[PDB]
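>>> I need the structure of the sequence given here:
(8 chains)
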Amino acid sequence: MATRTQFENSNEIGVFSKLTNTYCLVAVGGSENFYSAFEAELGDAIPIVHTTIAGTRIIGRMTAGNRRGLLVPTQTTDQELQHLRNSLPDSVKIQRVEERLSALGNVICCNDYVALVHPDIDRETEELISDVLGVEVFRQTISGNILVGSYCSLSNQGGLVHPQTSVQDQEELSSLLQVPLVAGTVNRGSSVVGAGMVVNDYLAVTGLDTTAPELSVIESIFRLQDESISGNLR
Amino acid sequence: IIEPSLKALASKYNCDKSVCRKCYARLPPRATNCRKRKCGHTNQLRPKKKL
Amino acid sequence: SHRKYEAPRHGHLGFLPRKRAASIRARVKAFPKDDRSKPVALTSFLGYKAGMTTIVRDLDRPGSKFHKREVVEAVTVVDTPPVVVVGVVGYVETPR
Amino acid sequence: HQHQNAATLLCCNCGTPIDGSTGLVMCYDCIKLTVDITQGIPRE
Amino acid sequence: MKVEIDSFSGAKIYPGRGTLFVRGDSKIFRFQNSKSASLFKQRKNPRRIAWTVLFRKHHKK
Amino acid sequence: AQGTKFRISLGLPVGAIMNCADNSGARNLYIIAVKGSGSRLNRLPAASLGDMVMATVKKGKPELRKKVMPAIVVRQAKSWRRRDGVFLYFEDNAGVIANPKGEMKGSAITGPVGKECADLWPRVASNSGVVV
Amino acid sequence: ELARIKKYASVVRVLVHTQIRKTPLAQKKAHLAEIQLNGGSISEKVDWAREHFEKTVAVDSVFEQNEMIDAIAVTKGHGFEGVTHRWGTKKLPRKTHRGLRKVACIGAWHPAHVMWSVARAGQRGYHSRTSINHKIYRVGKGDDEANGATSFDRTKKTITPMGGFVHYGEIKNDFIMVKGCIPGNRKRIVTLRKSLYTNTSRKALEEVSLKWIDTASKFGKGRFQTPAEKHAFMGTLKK
Amino acid sequence: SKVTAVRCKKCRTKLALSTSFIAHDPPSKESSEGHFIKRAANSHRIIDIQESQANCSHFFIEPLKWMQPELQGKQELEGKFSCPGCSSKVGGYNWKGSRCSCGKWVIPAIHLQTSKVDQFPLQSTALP
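Numbering: from 1, shown residues only, chains lettered A, B, ... in the order given. Next up is the structure itself:
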């Protein structure tokens, strides 16, 4: 549901992990407590992969992916590419992307159906995203920011956006993304909402300093909320 | 949780001592003189403060 | 008067004198501790240093950031022909 | 029908409803007494 | 171990060799020695420097 | 606040004027200190790619000027040695300003960001466009 | 005399010498030395050396891969060096009369003597040094043309670079390849010693498998590893 | 009003409902109970005065069904328990006291600390 945990002592989970519908990715330098958050709740449905991208531990911001495909940047080595093609299932396709804009997570905000990309991305990538992910690509900015992946968490049900966002432009994106959108803060007043948390259909994991009113806004738009063991025995 | 039969067993080694005023040494509670030589075997002893 | 701004000493005092060595073959001052359960083997070897070259290896050190990662590094190649025994010498222990 | 039912922000600290844009999304009655105050001075 | 080609002329760069340059317009330049590097700072054109691979492809040497 | 980082070549002493990569109104930053620096007689404490410096704004918005506030280096002109082998260097120096926790005040970063800064600081990699 | 050593004589050394003729040095005079033995039952130590008179002792019988050793030699020398580069002291400012690469204050008035701890110019280099904990990576045989080859490299080459080791020649012999610098320059007689203490920490117990060896030319900015691929890259030349 | 639930942070398990909550709302504010008194070793001697906090930072609930194997097995007078899925210290049980942070007393206490737990409404969403 709405579980909270943290990597080593940092609240942000979207930097250090990439959660999709059919798989999950985590960085290698984690404690036993951080790994046990995903293992206890995902179970054996989707494969959890320990990986690194380009010699880094920031794999949630370097990669871009959904149910059908994964996009990795150029500096990902052949040893790390061969490891991912084994642990992930045969349904997903992994493709290395030649970019000037290396960090694909900040650039691409995507789901099963509709993706928003950075406006200065080139045309040879727009052909590549739509054929790998199988997603319509729409060049658009969140009202004041070009980094659409960092400031806008998105799932299949809903999407949380940047707090300083006009209502007149949320109705533009909801017309475009075909999902309802709510603005808010995560991690006790951090405007970077896509890097603080992750989301798929059946799970959404955020930081430990996310307050209780903030957690209500998250699970509401994503619609992941829903007892005999509790009772009175005196 | 401490079962105060055992708390009285441990306080004899920790709390029920006496302290010399000059050299701050830990002394037995029935003593009259400090056993060290760097305080000159002084006899100004105080009980150790209880919690 | 005092030094007015403290600073550590330049140089090391356990390496005095800086005088020229007695021979180009430096002596071995000390050999490892004898363990008489093990079979007979030598304790050192003589060789001639040739040069340096560069190496690449997969670093295997868990909990590091460069775990399962390639690193380059500098190695030294010492030319090592086989060495032939021509005698033995036994030392007794005296109080001097 | 694009529906953006958002109530732009709620708050950070308390559960009180709608605040505005431009920052300070903290429900001003909170920040008057709760957060630090960041005065940090002697007053006598 | 990947062997990257030299961006100036044509040369091959075995690992642990030569410099790398990240220009402010987000483009990565590789150089095998200070010859092809210091000719890059002087704004020379490698289609007119004779010993390069890019020249010898242009005249089909 | 600063985790483990492998030593890279020090290119920015006290008195350096590096650029300002973010969009917080400031134009350049003047380095006056490096957090966690050493101690040696007559030695200027120096910064590196990814260190945290105390810095002031000499040019930009007048609200940001005349106060000392911490900052994080994101580019460097002195060439450094990565462990995998290569010597690389950017074209100019750059820094972004931050709170002493390490969170960033600006919204985005223009220009590339060095990779050893994106691993060390979680907020800078969130706002980075291009990572090397 | 061998019955004399078996009865008395707590420790036993063995006089060895290298074979200088299998070496590109110009010297013809071999280097004699001693090596202590660490076997058991000192009657058995001299029974080992009885069998090995005028017998060769290999390299791989002594050392093996991934072992921590010490390297003992005589340093590169530099002759008479000044007080700044010898001890690393501070240079005086520019405005000083009669010399700035010096040390200003030798001592105080009392005691009226120059102490032994001041910095003072003299010989630098050519000293005996011991450097511990150098990790062996490769012990290659002599009659083996896959010295530079590796399991991930698969090209047939020696570790002698193109044009040979600069100022040395040819490694057509056994060799020891160890991590990091050894005291003493090239052509220098170097003693490699077993480790005095058993090391555990994390770095002695690591096992290495190499990816690639650099056999490009050391004679300056070398851009090719083997001459079989210099000819394939450049093509047919005039000569 | 409507019934509510108290879900555990990092466990996401419903620890206690409403139809509970013996909230004891007023503190006394007088000098003997509303202030925190630290005496001395002897002679009823006050060394410290501490003012009580704003709101009672606990939830005093009835002993519930999931608490029963910790309360039957090794029954003692004081201790602590956890969420049944994360083993994190949520609240302690004590048959003595531990008034509130804000201070009264209670009864024999089953306190559920409001740090590292939070309170959500049991009904549908507010739909803001």
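>>> drop to CA atoms for contacts and neighbour counts, all remaining ones
Will do.
>>> tell me which element the residue of chain H positioned farthest from its centre is part of?
Most distant residue from the mean C-alpha position of chain H: residue H:43, 32.3 Å away (Cα atoms, centre = their mean). When secondary structure is defined by DSSP states H and E, residue H:43 falls outside every helix and strand.
>>> dump the residue contacts of it.
Not one residue lies near residue H:43 by Cα atoms under 8 Å, 6 or more residues apart in numbering or on different chains.
>>> quick one: residues contacting residue D:12.
Contacts of residue D:12 (Cα under 8 Å, 6+ apart): A:185, A:188, A:189, A:211, A:213, A:214, D:25, D:26, D:27.
>>> sec struct for the residue nearest to the last one when sequence neighbours are not counted, please.
So that's residue D:27. Leaving aside its sequence neighbours, residue D:27 sits nearest to residue D:11 (Cα to Cα, 6 or more residues apart in numbering or on different chains; 6.0 Å). Under DSSP: H, G, I helix; E, B strand; the rest coil, residue D:11 falls in the coil class.
>>> top of the contacts of residue D:12 by number of neighbours, please.
residue A:185 (28 neighbours; other Cα atoms under 10 Å in any protein chain shown).
>>> what about that residue, distance to chain C?
From residue A:185 over to chain C the distance is 32 Å, taken as Cα to the nearest Cα, to the nearest Å.
>>> ok, that residue to chain D distance?
Separation of residue A:185 from chain D (Cα to the nearest Cα) stands at 7 Å.
>>> check the gap between the spatially closest residue to that residue that is not a sequence neighbour and chain G for me.
Nearest non-adjacent residue to residue A:185, counting by Cα to Cα, 6+ apart: residue A:191, 5.5 Å away. As for residue A:191, its distance to chain G is 43 Å (criterion: Cα to the nearest Cα).
>>> so who does residue A:191 touch?
Counting by Cα under 8 Å, 6+ apart, residue A:191 touches A:151, A:162, A:163, A:184, A:185.
>>> so for chain C, the centremost residue is which one?
Note: chain C centre (Cα atoms, centre = their mean) maps to residue C:28, 10.0 Å.
>>> typo on my end, chain E
residue E:8 (2.0 Å).
>>> number of residues surrounding the residue nearest to residue D:27?
Using other Cα under 10 Å, residue D:11 has 25 other residues around it.
>>> residue D:29 is in contact with that one, correct?
No. Counting by Cα atoms under 8 Å, residue D:11 stays clear of residue D:29, with 11.1 Å between them.
>>> got any residues that touch both of these two?
In contact with both residue D:11 and residue D:29: no residue, using Cα under 8 Å, 6+ apart.
>>> what segments of the chain are helices?
You didn't say which chain, so I picked chain A. A:32-42, A:59-62, A:78-87, A:104-107, A:123-132, A:167-177, A:193-196, A:212-222 (DSSP state H).
>>> switch to chain H, that's the one I care about
Under DSSP H, chain H gives helices at H:68-72.
>>> count of neighbours near the residue in it that chain C sits nearest to?
As assessed by Cα to the nearest Cα, chain C sits closest to residue H:86 within chain H, at 25.6 Å. By other Cα under 10 Å, 17 other residues sit near residue H:86.
>>> surely residue A:34 and residue A:6 touch.
Yes. If you go by Cα under 8 Å, residue A:34 and residue A:6 touch, sitting 6.2 Å apart.
>>> those two: which is more packed in?
residue A:6 (22 against 17).
>>> now do the contacts for the more buried one.
Per Cα under 8 Å, 6+ apart, neighbours of residue A:6: A:12, A:13, A:34, A:206, A:207, A:208.
>>> now the lengthiest helix in chain E: buried residues?
Ranked by number of residues, the top helix in chain E under DSSP H is helix E:34-41. Neighbour-count burial for helix E:34-41 flags E:36, E:37, E:40 (criterion: 16 or more other Cα atoms under 10 Å in any protein chain shown).
>>> leaving out chain neighbours, which residue sits closest to residue A:157?
What sits nearest to residue A:157 in space, not counting adjacent residues and going by Cα to Cα, 6+ apart, is residue A:222, at 5.3 Å.
>>> for the one you found, the count of nearby residues, please.
24.
>>> give the contact list for it.
Per Cα under 8 Å, 6+ apart, neighbours of residue A:222: A:155, A:157, A:158, A:159, A:201.
>>> which ones are touching the first one?
Think residue A:155. Neighbouring residues of residue A:155 by Cα under 8 Å, 6+ apart: A:110, A:111, A:199, A:200, A:201, A:222.
>>> hang on, residue F:50 packs against residue F:117?
Yes. Assessed by Cα under 8 Å, residue F:50 is found in contact with residue F:117 at 4.6 Å.
>>> strands along chain B, start to end?
Counting by DSSP state E, chain B has strands at residues B:18-20, B:26-27, B:45-47.
>>> tell me the strands beside the last one, with direction?
Here strand B:45-47 has these sheet partners by DSSP bridges: strand B:18-20 (antiparallel).
>>> nearest to chain C: which residue in chain F?
residue F:84 (4.5 Å).
>>> I'd say that residue and residue C:73 touch.
No. At 9.1 Å, residue F:84 does not count as touching residue C:73 under the criterion of Cα under 8 Å.
>>> any residues in contact with both of those two?
With Cα under 8 Å, 6+ apart, residue F:84 and residue C:73 have no common neighbours.
>>> from chain G, how far off is the residue in chain C that chain B sits nearest to?
Across chain C, no residue is closer to chain B than residue C:2, which sits at 33.1 Å (Cα to the nearest Cα). Noted for residue C:2: a distance of 12 Å to chain G, by Cα to the nearest Cα.
>>> which SS class is that residue?
Assignment for residue C:2 (three-state DSSP): coil.
>>> give me phi/psi at residue G:125?
When quoted as degrees, to the nearest 10, the phi and psi of residue G:125 stand at phi 100, psi 170.
>>> so it versus chain H, what's the distance?
Distance of residue G:125 to chain H, given as Cα to the nearest Cα: 64 Å.
>>> also residue D:32?
In terms of Cα to the nearest Cα, residue D:32 sits 15 Å off from chain H.
>>> so how far is chain E from that residue?
Going from residue D:32 to chain E by Cα to the nearest Cα gives 45 Å.
>>> likewise residue G:43?
According to Cα to the nearest Cα, residue G:43 and chain E sit 53 Å apart.
>>> same thing with residue A:226?
Distance from residue A:226 to chain E, by Cα to the nearest Cα: 48 Å.
>>> now residue H:35
For residue H:35, the distance to chain E - Cα to the nearest Cα - is 64 Å.
>>> next one: residue G:156
17 Å.
>>> now for the host helix or strand of residue C:54, which elements pack on it?
Applying DSSP H and E as the criterion places residue C:54 in strand C:44-59. Where contact means 3 or more Cα pairs under 8 Å, 6 or more residues apart in numbering or on different chains; DSSP states H and E, strand C:44-59 is packed against strand C:69-80, strand G:32-36, strand G:189-194, strand G:210-213.
>>> residue 13: how many residues sit nearby?
Unless you meant another one, I'm taking chain A. By other Cα under 10 Å, the burial measure for residue A:13, its neighbour count, is 27.
>>> not quite, go with chain B.
10.
>>> for the one 3 residues further on, same thing?
Residue B:16 has 17 neighbouring residues, counting by other Cα under 10 Å.
>>> can you check residue H:48 too?
The number of residues packed near residue H:48 is 11, by other Cα under 10 Å.
>>> skip the chain neighbours and tell me the closest residue to it.
residue H:38 (5.2 Å).
>>> what sits against that neighbour?
Taking Cα under 8 Å, 6+ apart as the test, what residue H:38 contacts is H:46, H:47, H:48, H:49.
>>> having no further points to raise, I will conclude here.
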